[PDB]
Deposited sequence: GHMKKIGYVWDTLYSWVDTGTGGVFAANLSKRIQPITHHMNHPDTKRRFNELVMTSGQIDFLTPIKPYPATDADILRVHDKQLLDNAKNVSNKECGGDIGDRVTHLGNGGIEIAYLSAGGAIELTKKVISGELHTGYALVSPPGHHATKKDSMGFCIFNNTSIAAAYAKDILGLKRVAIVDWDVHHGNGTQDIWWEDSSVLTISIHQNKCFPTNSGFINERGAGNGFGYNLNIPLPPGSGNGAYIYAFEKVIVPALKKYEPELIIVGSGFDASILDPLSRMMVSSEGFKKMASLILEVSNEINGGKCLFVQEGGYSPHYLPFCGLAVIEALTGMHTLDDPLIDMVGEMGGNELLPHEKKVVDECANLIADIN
């Protein structure tokens, strides 16, 4: 099996000097800090461990190419794009919309290459050039709506790829399965009225955004019943996550019969991530990818692919990400340095949410 791997040095050049929840603000006494949350070193360490662990030998490198305006404009409005162009034009950079999201001088080039990364991987998976793959792209995508960039996301990478698989490669049912610890409100908005894209987001209840991602947000029109949120409570771990994957997401995908599954693969649900209270360990992420690999092999011949979302622990993210790479290559080259107390047992209030979400599968056809 050829397993694609999308990486480019530019992904590690996102400018995070300004911006963020804790931007320097002398008036409010927020002291300048050296390492901001979305500092590029977290995903760079992931890439660098892929190299030095030998997993790269089982992988086929895939060079990304810039997405075009037309690729972006299939899901995003011209207002959003021209805004990102004009902010990226300024010297020193600029806020983009929600204050937290920063676009540096010329930063749009990285957003273009990031989105094209997801498209290159898609093109190679649907053609048969590759059985699956991992696109370690940055900046992330899943918070960008039809109208707005937010949450570090300029463009909705996975949605741009799903619209590419549909509008150019002729697919008719796609599923975007997003396990980033925050709700994928961007993806949910883009496909809100559309049943040709099943969108699923499992996430921490009320984390980001604080007012979206609830069970009863289900789509509308032709889209009703083709958006599914699993909002787990803080503290959930491998127990809750695997239970959710087995009772809800895998039966949901079996029902919908997608011809391509795109995983929004974030790792901010990790046990050490500063922007969650979830307890997923790297082996949990391994079992998560395998379940998705497996059901994909059952139905659409392994046509699935993983695209990086968030993740903020420079220490532990590389091993979470490497664990998912191993589930694609089936070679174990290296142990988790934390190879196990907390989060592995399924708690009844964690179960009460997943049982509720399992009833939603009946409305998928």
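> Where does the model skip over parts of the deposited sequence?
Several regions go unmodelled: 1-3, 343-346.
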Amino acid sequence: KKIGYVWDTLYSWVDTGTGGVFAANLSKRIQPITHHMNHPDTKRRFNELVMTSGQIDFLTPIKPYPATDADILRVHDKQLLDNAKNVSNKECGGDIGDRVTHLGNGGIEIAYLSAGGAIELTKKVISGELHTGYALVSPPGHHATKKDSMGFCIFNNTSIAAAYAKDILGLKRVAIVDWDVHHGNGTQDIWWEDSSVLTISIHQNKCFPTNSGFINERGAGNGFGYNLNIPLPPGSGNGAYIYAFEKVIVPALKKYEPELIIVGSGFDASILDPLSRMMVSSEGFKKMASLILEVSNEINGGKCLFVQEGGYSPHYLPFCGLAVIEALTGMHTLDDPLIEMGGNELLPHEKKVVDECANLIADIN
From here on, numbers count along this sequence of modelled residues.
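> Looking at the entry, does 239-247 or 134-142 show the higher mean C-alpha B-factor?
For C-alpha atoms only, the mean B-factor is higher in 239-247.
> Of 74-82 and 116-124, which one has the bigger average CA B-factor?
It is 74-82.
> Highest CA temperature factor in the entry: which of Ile202, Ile108, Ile96, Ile271?
Result of the comparison over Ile202, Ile108, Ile96, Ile271: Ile96.
> Take the CA temperature factors straight from the PDB entry and tell me which of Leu253, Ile292, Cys92, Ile154 peaks.
Max CA B-factor in the entry, restricted to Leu253, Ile292, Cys92, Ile154: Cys92.
> Looking at the temperature factor on the CA atom of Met279, which third of the chain's modelled residues does it land in?
Lowest third.
> Taking the values exactly as deposited, rank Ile262 by C-alpha B-factor within its chain and report the matching third: lowest, middle or highest.
Its C-alpha B-factor belongs to the lowest third of this chain's values.
> Tell me, lowest, middle or highest third: where does the Cα B factor of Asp180 rank within its chain?
Within its chain, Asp180 is a lowest-third residue by C-alpha B-factor, going by the deposited values.
> Within this chain's modelled residues, let me know which third the CA B factor of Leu59 belongs to: lowest, middle or highest.
Lowest third.
> Could you tell me which third, lowest, middle or highest, the C-alpha B-factor of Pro318 occupies within its chain?
For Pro318, the deposited C-alpha B-factor lands in the lowest third.
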